[PDB]
Amino acid sequence: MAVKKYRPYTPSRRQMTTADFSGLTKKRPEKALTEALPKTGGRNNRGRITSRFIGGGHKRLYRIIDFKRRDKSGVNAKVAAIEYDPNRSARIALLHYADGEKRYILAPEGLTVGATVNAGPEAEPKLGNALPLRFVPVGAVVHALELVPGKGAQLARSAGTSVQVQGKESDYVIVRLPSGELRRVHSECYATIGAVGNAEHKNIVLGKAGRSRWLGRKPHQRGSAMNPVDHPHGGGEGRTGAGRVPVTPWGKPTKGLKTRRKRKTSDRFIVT
Amino acid sequence: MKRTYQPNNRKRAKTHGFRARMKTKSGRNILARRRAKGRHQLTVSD
RNA sequence: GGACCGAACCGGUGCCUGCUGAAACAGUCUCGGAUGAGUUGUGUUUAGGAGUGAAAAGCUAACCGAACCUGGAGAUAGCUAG
RNA sequence: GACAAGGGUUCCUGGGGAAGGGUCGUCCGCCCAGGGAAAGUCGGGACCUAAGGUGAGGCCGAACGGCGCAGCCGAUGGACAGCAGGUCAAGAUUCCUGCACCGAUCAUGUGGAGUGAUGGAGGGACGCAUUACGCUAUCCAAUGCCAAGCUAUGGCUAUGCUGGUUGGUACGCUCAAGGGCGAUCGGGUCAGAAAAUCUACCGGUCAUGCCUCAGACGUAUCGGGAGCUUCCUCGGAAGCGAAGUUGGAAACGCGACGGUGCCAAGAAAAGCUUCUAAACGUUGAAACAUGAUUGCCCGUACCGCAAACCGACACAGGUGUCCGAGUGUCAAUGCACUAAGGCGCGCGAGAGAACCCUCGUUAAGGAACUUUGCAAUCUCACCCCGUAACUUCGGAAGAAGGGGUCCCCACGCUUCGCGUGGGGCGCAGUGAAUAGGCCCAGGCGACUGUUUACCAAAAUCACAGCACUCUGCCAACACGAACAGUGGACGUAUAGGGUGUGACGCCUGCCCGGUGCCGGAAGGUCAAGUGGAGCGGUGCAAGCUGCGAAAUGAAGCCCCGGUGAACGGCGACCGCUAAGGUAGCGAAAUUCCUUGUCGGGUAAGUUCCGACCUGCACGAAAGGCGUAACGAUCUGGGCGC
RNA sequence: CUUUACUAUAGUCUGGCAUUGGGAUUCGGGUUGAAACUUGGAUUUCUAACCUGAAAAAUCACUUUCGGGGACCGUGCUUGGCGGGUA
Ligand SMILES: [Mg+2]
Ligand SMILES: [Mg+2]
Ligand SMILES: [Mg+2]
Ligand SMILES: [Mg+2]
Ligand SMILES: [Mg+2]
Ligand SMILES: [Mg+2]
Ligand SMILES: [Mg+2]
Ligand SMILES: [Mg+2]
Ligand SMILES: [Mg+2]
Ligand SMILES: [Mg+2]
Ligand SMILES: [Mg+2]
Ligand SMILES: [Mg+2]
Ligand SMILES: [Mg+2]
Ligand SMILES: [Mg+2]
Ligand SMILES: [Mg+2]
Ligand SMILES: [Mg+2]
Ligand SMILES: [Mg+2]
Ligand SMILES: [Mg+2]
Ligand SMILES: [Mg+2]
Ligand SMILES: [Mg+2]
Ligand SMILES: [Mg+2]
Ligand SMILES: [Mg+2]
Ligand SMILES: [Mg+2]
Ligand SMILES: [Mg+2]
Ligand SMILES: [Mg+2]
Ligand SMILES: [Mg+2]
Ligand SMILES: [Mg+2]
Ligand SMILES: [Mg+2]
Ligand SMILES: [Mg+2]
Ligand SMILES: [Mg+2]
Ligand SMILES: [Mg+2]
Ligand SMILES: [Mg+2]
Ligand SMILES: [Mg+2]
Ligand SMILES: [Mg+2]
Ligand SMILES: [Mg+2]
Ligand SMILES: [Mg+2]
Ligand SMILES: [Mg+2]
Ligand SMILES: [Mg+2]
Ligand SMILES: [Mg+2]
Ligand SMILES: [Mg+2]
Ligand SMILES: [Mg+2]
Ligand SMILES: [Mg+2]
Ligand SMILES: [Mg+2]
Ligand SMILES: [Mg+2]
Ligand SMILES: [Mg+2]
Ligand SMILES: [Mg+2]
Ligand SMILES: [Mg+2]
Ligand SMILES: [Mg+2]
Ligand SMILES: [Mg+2]
Ligand SMILES: [Mg+2]
Ligand SMILES: [Mg+2]
Ligand SMILES: [Mg+2]
Ligand SMILES: [Mg+2]
Ligand SMILES: [Mg+2]
Ligand SMILES: [Mg+2]
Ligand SMILES: [Mg+2]
Ligand SMILES: [Mg+2]
Ligand SMILES: [Mg+2]
Ligand SMILES: [Mg+2]
Ligand SMILES: [Mg+2]
Ligand SMILES: [Mg+2]
Ligand SMILES: [Mg+2]
Ligand SMILES: [Mg+2]
Ligand SMILES: [Mg+2]
Ligand SMILES: [Mg+2]
Ligand SMILES: [Mg+2]
Ligand SMILES: [Mg+2]
Ligand SMILES: [Mg+2]
Ligand SMILES: [Mg+2]
Ligand SMILES: [Mg+2]
Ligand SMILES: [Mg+2]
Ligand SMILES: [Mg+2]
Ligand SMILES: [Mg+2]
Ligand SMILES: [Mg+2]
Ligand SMILES: [Mg+2]
Ligand SMILES: [Mg+2]
Ligand SMILES: [Mg+2]
Ligand SMILES: [Mg+2]
Ligand SMILES: [Mg+2]
Ligand SMILES: [Mg+2]
Ligand SMILES: [Mg+2]
Ligand SMILES: [Mg+2]
Ligand SMILES: [Mg+2]
Ligand SMILES: [Mg+2]
Ligand SMILES: [Mg+2]
Ligand SMILES: [Mg+2]
Ligand SMILES: [Mg+2]
Ligand SMILES: [Mg+2]
Ligand SMILES: [Mg+2]
Ligand SMILES: [Mg+2]
Ligand SMILES: [Mg+2]
Ligand SMILES: [Mg+2]
Ligand SMILES: [Mg+2]
Ligand SMILES: [Mg+2]
Ligand SMILES: [Mg+2]
Ligand SMILES: [Mg+2]
Ligand SMILES: [Mg+2]
Ligand SMILES: [Mg+2]
Ligand SMILES: [Mg+2]
Ligand SMILES: [Mg+2]
Ligand SMILES: [Mg+2]
Ligand SMILES: [Mg+2]
Ligand SMILES: [Mg+2]
Ligand SMILES: [Mg+2]
Ligand SMILES: [Mg+2]
Ligand SMILES: [Mg+2]
Ligand SMILES: [Mg+2]
Ligand SMILES: [Mg+2]
Ligand SMILES: [Mg+2]
Ligand SMILES: [Mg+2]
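Going down the list, the sequences are from chains A and 2.
Residue numbers in the first sequence follow the deposited numbering, run continuously in steps of one, and reach 272 at the last position.
Residue numbers in the second sequence follow the deposited numbering, run continuously in steps of one, and reach 46 at the last position.
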């Protein structure tokens, strides 16, 4: 449950908090599993800014992860290491397969180095066993859930997030997302036992400005600073609160933005 | 007092190029517009 | 260690000088940052109701509350000159 | 001093004197002519890939066109074989001299068997800071060696002065820090599309061990070397050649991919090593050295922190990297003086008026100047002693304040010196140069940071932190001719978008009536459209036709409820409108009257501080009130000068 | 430049009509108290359209073997609202 606060030897560093480590094996991301071509770049695409800010930050390398894990079903694997992965906010496990191939999976909370893990439907609900929902015990907490059979795990891979399994109704199993939403997923969908690691990422105090910058830049402009031309809230004589509050190109806070869709009848209680 | 013109050949040639003006219709227009009145010697000769 | 003093470098606080300038924005002295949100080389990408902007309506090739060029075009001118 | 850009004969030689040159000009970067530039090894290509640019097919669009996997293009990076000298007036890792290496091809002998892909694997392969050990470049010393000379004005007569003091290659049982390596049998098919004798995984078996030379040394050899010599066509040509010691210092370079620590977690691809598929050969393979033969394309002169590049000038401006010596001064690329080298800035001479710029000193006084101590002093380096309120216990702090500093001798120590004692000198000893004036109060912002290129650097903006709210993943959201594509994101509510607030601490009240927003089965209105009673036109008629309402018809407003870290509101004499101010603050960056009234400070204070409060028109995330530290911020005051 | 000035409009919500099909249930009813040619509505469901993901074949294309969604969505036409985002 370590953090590492600092002394106040600088003006900063008092509030500053970093993360904890030594659960992380010293080893590099190693050979091509990574095959890392993040080539970090701002929101640009066809040449214009789409998602604002995000203009810089430290050079990274993407480590490819196996999200579906279907093919390795019925095959033993033993945890090798736990490594630091940027652009994740979760630890990732290395292991090795019985056939000798190495991959990456995200690291659930409480997974020690050297644990024997087995993917597939027949697997015991030990931590990290990658089995379908139909075979998931009632109310048990899992993560890394597939939204649809095949594809990958689109549900709850961020740190500390989990999805408990509500009682299955049809071949669709009811589940509860970490936003507190209820859903319906095919029982043909895999999931991984337990909750994500990295302790509570949330309470790391993130130092001062520029620690932001170690990551996506985002100076984040506050359009009421801006001139009328640039932004609606802009304009004024001295400080002025709003007058309206649609933003930034009209719109508003509140005012639910989701279209009326076919996924909506697979949905249970959109309210929070 | 750094000025506007920082010569850098092959930048000069990358834009402005005969090769360049050929790739698009808009410059290709300009090209054949210059071949016309204005018996001009133009583009990558200069 | 967005710590301190201080060169390189990056920057422009104050006074002056300069004002047909040495210079279409500088010079001396002074001052700020000087391992960070640092400085900068090369190649490249984004533009005119458009881009960029730690946000002045700033910058977008020495005059940007809408760049330049060519065209409509001898725009129109209840106004001024001749 | 050497390069990269960029410039384009500006270089060298011989001429010239119109113009260009801020004067002149016999001169030049100007004019005429002529000459000069040499590569298998350096940089680029015949190799590789990043961003980005392309892009058959493919996906989309009134057209022109927009996308996009593979592949291709693309150095700013990867990969890759030579050094030492000599020298045209003008080129040199290019030419020649000496010695060397690399590939390709073939011949000869060894070997007489396997070779090894457009495919697999190994590896190429990467961060920031700090740091131990060995070394070199490289510089320093001398009564070390070599060479040449001379005796200056008082002295020296060398133990003085001056200069020089090794580079390459080969070998060597020599010295040597430092640096990285497990080896091998077997198993499992589910791994790498099959393969594999390769890699991965699983299981077994045996300090030291190996491999490596940075660099030192010795011998040899090829260079170079202070100068010496003779010739001289005006000043240069040819020939000769000495010794290379001991002691010290030392990198950002080499030994390396070293050691440790840290969080923000630090390219790709070919060459390269191993392995099979297919194929050829299983008597003439692979491998080795041994000669021979062969070695293409482009760049290379000159300027290059600048009269040669960008600035209209032979322009006080700007331009990326590398090298950048000595003496002194803790250190240093600082400062002063100097070496090698380069230069005195292309008008000149006199005069020594006013005024003007940039400076030096100043009697007594010491801010009285003035909007303001603006400007300019004083202060200054290192060592020692010493040092406040307040504080988030880091700080404030170099708080202020005081002393020391030079030369000689003796002594002690870890001897580039330092300490102690004694002595000497000057007005004075960081003796010249580079180096803070300080303090008490406030206002604003916490903080480092950012901003109006060319009048504003701040109290603006950002900021960590906090809150509301959207978004379940072809996410919300943004670009877009487009059911194309991409960004969000190869992210998945500890995530992403928007909004306002702005360390931290104590906190954040009252009022939803109106506006917005979320949730709202009755009911009111409501479009096209289904339906089409009936009224009319024409024809003799069958019929063809012009309108055309009840009912039914969606989202929306009207109506109901809620929601204020939503827009907002909490004195147009109380006047009624949903309510009328919880703390905290208040003559405030808010105050009209106003120089409010007291108090503090001054000899005298419209300012500043403290009170009060009667708040013209403070007030709780347009946040309220505090706050150590920070500030080329703004305000008032003191010492010092 | 602004907004509860005027007016249109990108955008967006919504009804109808195509793409777009089948079957059960129910109510409304016609043509020959049920039978039944049936015509539509509503919920429900299936699956050939259509969308979409994994598999040695990265964007695609396929026999595909498949897995999910599925008459919705998306898209063309039209109806009404909203619309300083823009003009
Ligand atoms: Mg601690
Ligand atoms: Mg924009
Ligand atoms: Mg946070
Ligand atoms: Mg923010
Ligand atoms: Mg503004
Ligand atoms: Mg606007
Ligand atoms: Mg506003
Ligand atoms: Mg205001
Ligand atoms: Mg927008
Ligand atoms: Mg020509
Ligand atoms: Mg050419
Ligand atoms: Mg020209
Ligand atoms: Mg610092
Ligand atoms: Mg300090
Ligand atoms: Mg600036
Ligand atoms: Mg400067
Ligand atoms: Mg300072
Ligand atoms: Mg606009
Ligand atoms: Mg110009
Ligand atoms: Mg301009
Ligand atoms: Mg204009
Ligand atoms: Mg006219
Ligand atoms: Mg006209
Ligand atoms: Mg007119
Ligand atoms: Mg007219
Ligand atoms: Mg130079
Ligand atoms: Mg050139
Ligand atoms: Mg040339
Ligand atoms: Mg010359
Ligand atoms: Mg000459
Ligand atoms: Mg002349
Ligand atoms: Mg002439
Ligand atoms: Mg002249
Ligand atoms: Mg000459
Ligand atoms: Mg040669
Ligand atoms: Mg290529
Ligand atoms: Mg690529
Ligand atoms: Mg394209
Ligand atoms: Mg591409
Ligand atoms: Mg290069
Ligand atoms: Mg080479
Ligand atoms: Mg090369
Ligand atoms: Mg010569
Ligand atoms: Mg030369
Ligand atoms: Mg040479
Ligand atoms: Mg043989
Ligand atoms: Mg073999
Ligand atoms: Mg060392
Ligand atoms: Mg001596
Ligand atoms: Mg000597
Ligand atoms: Mg020797
Ligand atoms: Mg360097
Ligand atoms: Mg190291
Ligand atoms: Mg390739
Ligand atoms: Mg075979
Ligand atoms: Mg040269
Ligand atoms: Mg000049
Ligand atoms: Mg001159
Ligand atoms: Mg100049
Ligand atoms: Mg510079
Ligand atoms: Mg040096
Ligand atoms: Mg020096
Ligand atoms: Mg020194
Ligand atoms: Mg100096
Ligand atoms: Mg010079
Ligand atoms: Mg002169
Ligand atoms: Mg002066
Ligand atoms: Mg005096
Ligand atoms: Mg005094
Ligand atoms: Mg006065
Ligand atoms: Mg006075
Ligand atoms: Mg001053
Ligand atoms: Mg000074
Ligand atoms: Mg203390
Ligand atoms: Mg202070
Ligand atoms: Mg005395
Ligand atoms: Mg004394
Ligand atoms: Mg001194
Ligand atoms: Mg002086
Ligand atoms: Mg106060
Ligand atoms: Mg005041
Ligand atoms: Mg500030
Ligand atoms: Mg500072
Ligand atoms: Mg300015
Ligand atoms: Mg300024
Ligand atoms: Mg799409
Ligand atoms: Mg995308
Ligand atoms: Mg603010
Ligand atoms: Mg109520
Ligand atoms: Mg008063
Ligand atoms: Mg007043
Ligand atoms: Mg008094
Ligand atoms: Mg006074
Ligand atoms: Mg008074
Ligand atoms: Mg005054
Ligand atoms: Mg005043
Ligand atoms: Mg007061
Ligand atoms: Mg409130
Ligand atoms: Mg407020
Ligand atoms: Mg306010
Ligand atoms: Mg505030
Ligand atoms: Mg306050
Ligand atoms: Mg600052
Ligand atoms: Mg001021
Ligand atoms: Mg003052
Ligand atoms: Mg006194
Ligand atoms: Mg529309
Ligand atoms: Mg309409
Ligand atoms: Mg308008
Ligand atoms: Mg309107």
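A virtual CB, placed ideally from N, CA and C, is assigned to each residue, including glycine.
In this structure, DSSP gives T43 (chain 2) a helical state, which the three-state scheme calls helix. With 16 or more other Cβ atoms inside 10 Å of its own Cβ, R69 (chain A) counts as buried. Taking C-beta separations shorter than 7 Å and ignoring five residues to either side along the sequence, the partners of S158 (chain A) in its chain run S89, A90, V196, following chain order.
If you compare the alpha carbons of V245 (chain A), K218 (chain A), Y62 (chain A) with that of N87 (chain A), the shortest gap goes to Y62 (chain A). Counted as a single uninterrupted DSSP element, the beta strand (DSSP E) harbouring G167 (chain A) occupies residues 163 to 168.
The alpha-carbon of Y104 (chain A) is positioned some 31 Å away from that of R52 (chain A). Judged by DSSP secondary structure, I174 (chain A) falls outside any alpha helix (DSSP H) and instead within the beta strand (DSSP E) spanning 172 to 176.
Below 8 Å, enough C-beta pairs join the stretch 185 to 202 of chain A and the stretch 142 to 160 of chain A to call them touching: three or more. When Cβ pairs closer than 8 Å are counted between the two stretches, the stretch 133 to 142 of chain A is seen to touch the stretch 154 to 174 of chain A, the count reaching three or more.
In the three-state scheme derived from DSSP, where H, G and I count as helix and E and B as strand, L133 (chain A) is classed as helix. According to DSSP, residue pairing for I54 (chain A) in a beta bridge does not occur. Between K78 (chain A) and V117 (chain A), the C-beta spacing is below 9 Å. DSSP places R33 (chain 2) within a helical segment (H, G or I) once states are collapsed to three. Taking C-alpha positions only, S45 (chain 2) is separated from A209 (chain A) by approximately 53 Å. In the DSSP assignment, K23 (chain 2) falls within the unbroken alpha helix (DSSP H) covering 18 to 23. In the structure shown, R184 (chain A) adopts extended strand secondary structure according to DSSP, grouped into three states. A residue is called buried once 16 or more other Cβ atoms fall within 10 Å of its Cβ, and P8 (chain A), having fewer, is exposed. According to DSSP, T192 (chain A) shares a beta bridge with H143 (chain A).
Within the stretch 54 to 102 of chain A, the complete beta strand (DSSP E) segments of 3 residues or longer fall at 76 to 78, listed in chain order. Under the three-state reduction of DSSP, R268 (chain A) is assigned to strand. Within a 10 Å sphere around the beta-carbon of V163 (chain A) sit 16 or more other beta-carbons, which makes this residue buried. Within the same chain, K14, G27 come within 7 Å of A20 (chain 2) by CB-CB distance, once the 5 residues on both sides are set aside. Inclusion of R217 (chain A) and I49 (chain A) in the CB contact set at 9 Å is not warranted, their separation being larger than that value. Around the beta carbon of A130 (chain A), 16 or more other beta carbons lie within 10 angstroms, which makes this residue buried. Classified as buried, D85 (chain A) has 16 or more neighbouring CB atoms from the shown chains inside 10 Å of its CB.
In the structure shown, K5 (chain A) falls within a strand segment according to DSSP collapsed to helix, strand and coil. The C-beta of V165 (chain A) has 16 or more other C-beta atoms within 10 Å across all chains shown, which makes the residue buried.
Any heavy atom of ligand 9 within less than 7 Å of a residue's beta carbon puts that residue on the list, which reads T248 (chain A), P249 (chain A). In this structure, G128 (chain A) is the residue among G57 (chain A), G128 (chain A), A19 (chain A) with its C-alpha nearest to the C-alpha of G110 (chain A).
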